[PDB]
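# Fold and contact review
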Amino acid sequence: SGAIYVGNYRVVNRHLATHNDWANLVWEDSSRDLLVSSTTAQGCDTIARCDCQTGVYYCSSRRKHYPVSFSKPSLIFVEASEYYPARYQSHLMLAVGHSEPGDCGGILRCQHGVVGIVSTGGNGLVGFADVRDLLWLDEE
Ligand SMILES: COc1ccccc1CC(=O)N(C)CCC(N)=O
Ligand SMILES: COc1ccccc1CC(=O)N(C)CCC(N)=O
Ligand SMILES: [Zn+2]
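X-ray crystallography is the method the PDB entry lists for this structure, together with a resolution of 1.560 Å.

This is the structure:
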């Protein structure tokens, strides 16, 4: 589990969104596994605006923050799960690292701010849903 809190926005994995998130929906994209809902209180996170490929992510299944190198956001085939059938997930970045299903929502950060959240994994890989292209998160 986990979320990004920037401005009056809450960014979560679309497959983990709550019924309050859906009732207060701002934007969602199934192909990205992302959902953004509105919040009453202001958050403290800053979104990175960069092309960094190195950073640190939080892994709840190890209670550890791991430095990683990750690929640029791209269209990657993701096997069937209890949340989605087998499909192509877009804006996804991969790294060699540990992850388990409940690690989704763990933040990946670089020196500029939040880069994305854990969204997929398996076979010693961890996938992050990128949020750096969502410029509108920084305003209104
Ligand atoms: C100190 O947190 C670091 C540091 C490096 C890298 C990542 C984090 C995690 C983070 O930014 N959180 C707000 C924790 C909640 C979450 N959703 O992961
Ligand atoms: C961190 O996720 C891991 C890790 C290891 C093994 C399995 C998972 C769960 C996982 O990949 N999904 C539920 C897919 C979600 C999606 N974005 O389509
Ligand atoms: Zn950066």
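Right, picking up where we left off after that structure.
## So, the site of ligand 1
Around ligand 1 sit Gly 2, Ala 3, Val 56, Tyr 58, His 65, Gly 105, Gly 106, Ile 107 and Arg 109, and that is every residue in its neighbourhood. Within the backbone of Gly 105, one N or O atom sits 3.0 Å away from a nitrogen atom of ligand 1. The contact in question runs from an oxygen atom of ligand 1 to an N or O atom on the side chain of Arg 109, over 2.7 Å. For ligand 1, the accessible surface in isolation is 440 Å², of which the surrounding protein chains cover 62%. Breaking the shell around ligand 1 down by element, the ones donating at least two residues are β5 (54–59) and β9 (107–110). Split by residue class, the shell around ligand 1 holds four nonpolar, four polar and one charged.

## Here we look at the sheet that holds strand β4 (residues 34–38)
Read from one edge of the open sheet, four strands run β1-β2-β4-β3, paired in antiparallel fashion. Two strands close off the open sheet at either side, each with one partner strand: β1 (4–6) and β3 (25–29). Shown here is a sheet whose adjacent strand axes are inclined to one another by a mean of 15 degrees, direction ignored. Pairing analysis gives four bridges linking β3 to β4, with the strands arranged antiparallel. Bridged to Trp 27 within β4 is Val 36.

Rules and cut-offs
Residues numbered from 1 in each chain as written, not as in the entry; some residues may be left out. Chains lettered and ligands numbered in written order. Heavy atoms only, no water. Near = heavy atom within 4 Å. Polar contact = N/O pair within 3.5 Å; in protein donor to acceptor, adjacent residues only side chain to side chain. Areas by Shrake-Rupley, 256 points an atom, 1.4 Å probe, with all protein chains shown as cover. Helix = DSSP H or I, 4+ residues; strand = E, 2+ residues; numbered from the N terminus. Nonpolar A, V, L, I, M, F, W, Y, C, P; charged D, E, K, R; others polar. Pairing = 2+ DSSP bridges. Axes fitted to C-alpha atoms, helices over the stretch in contact; angles between N-to-C directions.

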